[PDB]
Amino acid sequence: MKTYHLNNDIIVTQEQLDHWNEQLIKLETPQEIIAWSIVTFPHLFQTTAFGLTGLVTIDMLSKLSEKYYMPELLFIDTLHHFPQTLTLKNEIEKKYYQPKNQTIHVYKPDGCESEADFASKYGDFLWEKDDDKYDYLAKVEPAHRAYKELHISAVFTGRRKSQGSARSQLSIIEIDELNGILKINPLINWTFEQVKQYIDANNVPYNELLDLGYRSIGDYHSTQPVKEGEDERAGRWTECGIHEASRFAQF
Amino acid sequence: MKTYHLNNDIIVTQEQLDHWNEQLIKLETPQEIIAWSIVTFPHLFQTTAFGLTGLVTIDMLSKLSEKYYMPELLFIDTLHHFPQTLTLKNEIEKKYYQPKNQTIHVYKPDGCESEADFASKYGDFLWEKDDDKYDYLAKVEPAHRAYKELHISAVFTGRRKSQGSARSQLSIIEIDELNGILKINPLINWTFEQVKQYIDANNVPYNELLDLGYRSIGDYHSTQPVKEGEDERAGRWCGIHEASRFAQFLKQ
Ligand SMILES: Nc1ncnc2c1ncn2[C@@H]1O[C@H](COP(=O)(O)O)[C@@H](OP(=O)(O)O)[C@H]1O
Ligand SMILES: Nc1ncnc2c1ncn2[C@@H]1O[C@H](COP(=O)(O)O)[C@@H](OP(=O)(O)O)[C@H]1O
């Protein structure tokens, strides 16, 4: 019997993991997956970069929070975001978190408070010279420090099957044992049309860059706009290091 | 922190237990608690003595099974049930389980087939001669054996807060580490009236003895009826849920 060791001394067997993925596919809406997750998991957080998918989840959690509670939000500040991502964060904190006496948890690369700090520590243009090392220092390390310090056992992610590449192989529930977390992907089965429809119907704030072509937004230096025909994440071009953690299992 | 070891290598922390009890209170219907349990726990069964509360659960599970599935049913035959309890067991099997390709699981005292076998093993009238011996051999042992053999991690029980006495302090979810099971009490917040209303509205088969005054039904020798201003359970004074005292026998 394979068992998974998680933060806060939680243990999950393969049978439990398999059982959840078998039963949860029977749920008709992401709101149902989210409601179940809320009831089922203590130490439950959302991670977001304020991508459109995760904004939908924030709004869904907000509607569900009246009956239940609002799971806290974790955002990794890579120090290389578009300013527009950061202003959206403030907008989101004001709208959804401040009213509930919460602040968004923000984690940064260790010992750095700015892009210049980062370049001082590791050299200029690191994302060009060593994408792996950059990925680890900008996002993987801060996220891992966060899970451990904030005692996170489970997280919502904004990943979907229709985003393609490695994400078409996604399950509703996953285990990242290296980080000591369970991941829930409640909009796994939602298309981008569905995500946008929800954003529009519920007037949730979204990144201004979307009105300029940015259907997917990462770092200012590694993100380009895309036309309505191209892949959702074509302006980003390999799975992001925070989801594929095993390549940084040494550090 | 406190962690509980269940059957099937399943482990529950106190924080998980406390979180479930805190959130499940916010649910509005027993059906929602039931739906959640189905999704959450593998190796989920229902235990019943075919008491009125557990019958509601059976029908509720029946309707939910179309979308989900039907958790199997476990009945401990103590060999000292009222005949009509056994007659009701047949009606329920035929109505709810047969059409779903199931039989009701029936566990009896070890090495015994009937009341006469029991009496030839341990002597006549064991319940009045040694109640600890009786409760163990007739109820606790067979139940324990069933949890182990059927690899049960979690059960629905038909206990409610409104049933009075110690049941006033009941939680939605509790843990029985000695048996290696989690216990879910989905109708915890329902009154007998609510239970009776569902039984009536959905034409669920119930014990005939309930019309003859009885409100709670146990063994034939240890079950009295109740009057007007008396408690629903004030007529059979369990062990099946107080298995903790038999620890020295169960810790194997
Ligand atoms: N900087 C960051 N901070 C926190 N979570 C992040 C993150 N970057 C990515 N993620 C997680 O990974 C998901 C995929 O992001 P991307 O599609 O940009 O690769 C994000 O969904 P959302 O940003 O939609 O909530 C989020 O759940
Ligand atoms: N002989 C038996 N076999 C299986 N479960 C039993 C049992 N006796 C009691 N139980 C469980 O304990 C609950 C309370 O029983 P009681 O009130 O008679 O002590 C029962 O609810 P139901 O019998 O309503 O399903 C049932 O879940």
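Both counts, for ligands and for their atoms, begin at 1 and track the order of listing. The chains referred to below are lettered A, B, ... by the order of the sequence lines, with proteins before strands, and numbering in each begins at 1. FYI, side chains are in, hydrogens and waters are out, and symmetry mates aren't considered; it's all heavy atoms of this structure.
- Of all the listed residues (A:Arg233, A:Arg236, A:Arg160), A:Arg236 holds the heavy atom that lies closest to atom 16 (P) of ligand 1.
- Not a single donor-acceptor pair under 3.5 Å links the side chain of A:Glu93 to the backbone N or O of A:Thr103.
- The shortest N or O to N or O distance between B:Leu52 and ligand 2 is not under 3.5 Å.
- Residue-to-ligand polar distances place A:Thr47 within reach of ligand 1: an N/O pair is separated by less than 3.5 Å.
- Contact atoms of ligand 2 toward B:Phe50: 23 (O) (distance under 4.0 Å to a heavy atom of the residue).
- For atom 24 (O) of ligand 1, the nearest non-hydrogen atom of the protein is A:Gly54 N, 3.0 Å.
- Using a 4.5 Å cut-off on side-chain heavy atoms (C-beta onward), A:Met60 and A:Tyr198 make contact.
- Under 4.0 angstrom from ligand 1, there are no non-hydrogen atoms of A:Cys240.
- Distance alone, capped at 3.5 Å, is enough to place a donor-acceptor pair between the A:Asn185 side chain and the A:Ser171 backbone.
- With values rounded to the nearest 0.5 angstrom, A:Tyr147 atom OH is found 6.0 Å from A:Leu74 atom CG.
- Between A:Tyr206 and A:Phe50, the ring centre distance reaches or exceeds 6.0 Å.
- Nearest protein heavy-atom neighbour of atom 3 (N) of ligand 1: A:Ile76 N, 2.8 Å.
- Residue A:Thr157 has no N or O atom closer than 3.5 Å to an N or O atom of ligand 1.
- At the top of the distance list for atom 8 (N) of ligand 1, counting protein heavy atoms only, stands A:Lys139 NZ, 2.9 Å.
- At a heavy-atom distance under 4.0 Å, no atom of A:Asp77 approaches ligand 1.
- Ligand 2 has no N or O atom lying under 3.5 Å from any N or O atom of B:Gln46, backbone or side chain.
- In terms of protein heavy-atom proximity, atom 12 (O) of ligand 2 is nearest to B:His241 CE1, 3.1 Å.
- Counting the atoms of ligand 2 from 1 in the order shown, those under 4.0 Å from a heavy atom of B:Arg167 are 14 (C), 15 (O), 16 (P), 17 (O), 19 (O).
- In terms of protein heavy-atom proximity, atom 4 (C) of ligand 1 is nearest to A:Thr48 O, 3.0 Å.
- Residue B:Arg159 has at least one heavy-atom neighbour below 4.0 Å for each of these atoms of ligand 2: 13 (C), 14 (C).
- Ring-centre distance between A:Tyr134 and A:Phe118: below the 6.0 Å cut-off.
- Aromatic ring pairs are classed by plane angle as parallel below 30°, tilted from 30° to 60° and perpendicular above 60°; the pair A:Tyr220 and A:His80 is parallel.
- Here the NZ atom belonging to B:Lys89 is positioned 14.5 Å from the CG atom belonging to B:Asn207, to the nearest 0.5 angstrom.
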Between A:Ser62 and A:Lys95, does the side-chain hydrogen bond (donor to acceptor under 3.5 Å, both in side chains) criterion hold? Intermediate values first, please.
CA-CA 10 Å; A:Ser62 179; A:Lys95 184 170 170 63; over 6 Å; no
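- Side-chain atoms of A:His105 never come within 3.5 Å of backbone atoms of A:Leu73 as a donor-acceptor pair (strictly under, hydrogens ignored).
- Among protein heavy atoms, the minimum distance from atom 7 (C) of ligand 1 is reached at A:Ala49 CB, 3.6 Å.
- Among protein heavy atoms, atom 10 (N) of ligand 1 sits closest to A:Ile242 CD1, 3.4 Å.
- At least one heavy atom of B:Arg236 sits closer than 4.0 Å to an atom of ligand 2.
- Shortest non-hydrogen contact noted between A:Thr157 and A:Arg159 is OG1-CD, 3.0 Å.
- Side-chain contact check for B:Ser153 versus B:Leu44: every heavy-atom pair is 4.5 Å or farther apart.
- Ligand-side atoms of ligand 2 in range of B:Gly51: 22 (P), 23 (O), 24 (O), range being under 4.0 angstrom from any heavy atom.
- Among all protein heavy atoms, the one lying closest to atom 20 (C) of ligand 1 is A:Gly158 N, 3.9 Å.
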